[PDB]
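The chain below stands alone, shown as C-alpha cells; this is the form deposited in one PDB entry.
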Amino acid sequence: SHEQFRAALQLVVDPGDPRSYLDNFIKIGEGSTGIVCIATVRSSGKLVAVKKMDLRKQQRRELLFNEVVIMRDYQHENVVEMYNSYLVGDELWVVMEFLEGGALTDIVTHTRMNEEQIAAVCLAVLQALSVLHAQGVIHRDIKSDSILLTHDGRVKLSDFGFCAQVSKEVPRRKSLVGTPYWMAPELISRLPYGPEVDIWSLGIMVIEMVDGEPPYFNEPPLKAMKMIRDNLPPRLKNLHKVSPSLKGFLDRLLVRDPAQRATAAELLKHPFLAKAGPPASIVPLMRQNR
C-alpha cells in the first residue's frame, strides 16, 4: 500500500530532488503532518522553508494531496506561497516561502497584543478566508499555530493539510478534522458542516490573542471536546480587557448555530476591524524585537 501511494504521489509532484539546489537544512518546526526546515538556496543565498511529510506517519494519507491542490489553484496575498513539491524517498517535500517572523503562537504565549494588533491579524485572516470560502475551500485548522508572519508584520495563512472543498455536488463535509480546542460545535457533534467552522475557530484564536490560551486548554482533549459540544459558547477570562467593539465582534464568531454565525464576507465590514493597524504595528511583538 505504501509503494502504491509513493507511485501515485510521483505523478502529481515535480520531478527531481531539491537537495540538488538547497544547502544547510536546519529543523525549525514540527507540525501535525511532519517537520519544517529552513534551507539555503545555493545559487542565490536566499532562504526557503521545506516541509517534510513522511507518508507512513499520516493518519489520513490521502489528505497529503491537499498540499498539491492548494499549491496549484489557491495562491493569494495572505496565503503562504508554495513553490514546488517533490517525492524524496518515503517523504513528500514542499518547498515554500520562508516566513521569518515565525508563528502567531510565539507571540500570544509570551506577550499581550493590543487591539490595533488583534484587528490587524483578524483583518488579514478574514481577507484570506473570504477568498477561500468563495471558492468552496474550508481550511479546518485555524489556530495561532497556522498563522505565520513576515519580518515586517505581514500575516499569512498556512498548514492546509486538513482542508476540504464543498460545492453544489458536495455542499457539506462530515469529517472529524482539526485541533480539539479550536473545533466548532457542529463538527464535534458530527453534523454536516461548511465554511462556518473556520469562523468559530477564528473566534477561538481571538481568545488566544487576548488570554494566551484557548478555552479548556488545561482539560484533556476528549473532555474539552465534550464541553465545547455541550456548553454555551466559551467566555473570555476577563471581559474588561476587551473593548465593547471587540466583544461585539467576538460575539459574531462564537455562535453555536452555524446558520447564525457571521460569514467572512460580512465580518470584513465589522466596525472592530476599523481599528486595524498596518503590518508594522505587529513587528515589535516578535521575539527578535521584544
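A residue's number is simply how far along the shown sequence it sits, counting from 1. Note that the rigid core is defined as the largest set of C-alphas that superpose within 1.5 Å between two forms.
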{"property": "Farther-lying stretch by C-alpha RMS in 7 other deposited structures of this protein, rigid core as reference, of 64 to 72 and 42 to 50", "result": "64 to 72"}
{"property": "In 7 other deposited structures of this protein, rigid core aligned: more displaced of 16 to 24 and 264 to 272 by C-alpha RMS", "result": "16 to 24"}
{"property": "Comparing 20 to 28 with 270 to 278, the one whose average Cα B-factor in the PDB entry is higher", "result": "270 to 278"}
{"property": "Higher-scoring stretch by recorded Cα B factor average, 165 to 173 or 124 to 132", "result": "165 to 173"}
{"property": "Member of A184, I138, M205, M71 with the greatest C-alpha B factor (per the PDB record)", "result": "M71"}
{"property": "Residue, from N218, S144, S158, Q117, that the PDB entry assigns the highest Cα B-factor", "result": "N218"}
{"property": "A264 - which third its CA temperature factor falls in, relative to the rest of the chain", "result": "lowest"}
{"property": "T179 by Cα B-factor - lowest, middle or highest third of the modelled chain", "result": "middle"}
{"property": "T40 by Cα B-factor - lowest, middle or highest third of the modelled chain", "result": "lowest"}
{"property": "Third of the chain, ranked by Cα B-factor, where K51 sits", "result": "lowest"}
{"property": "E77 by Cα B-factor - lowest, middle or highest third of the modelled chain", "result": "highest"}
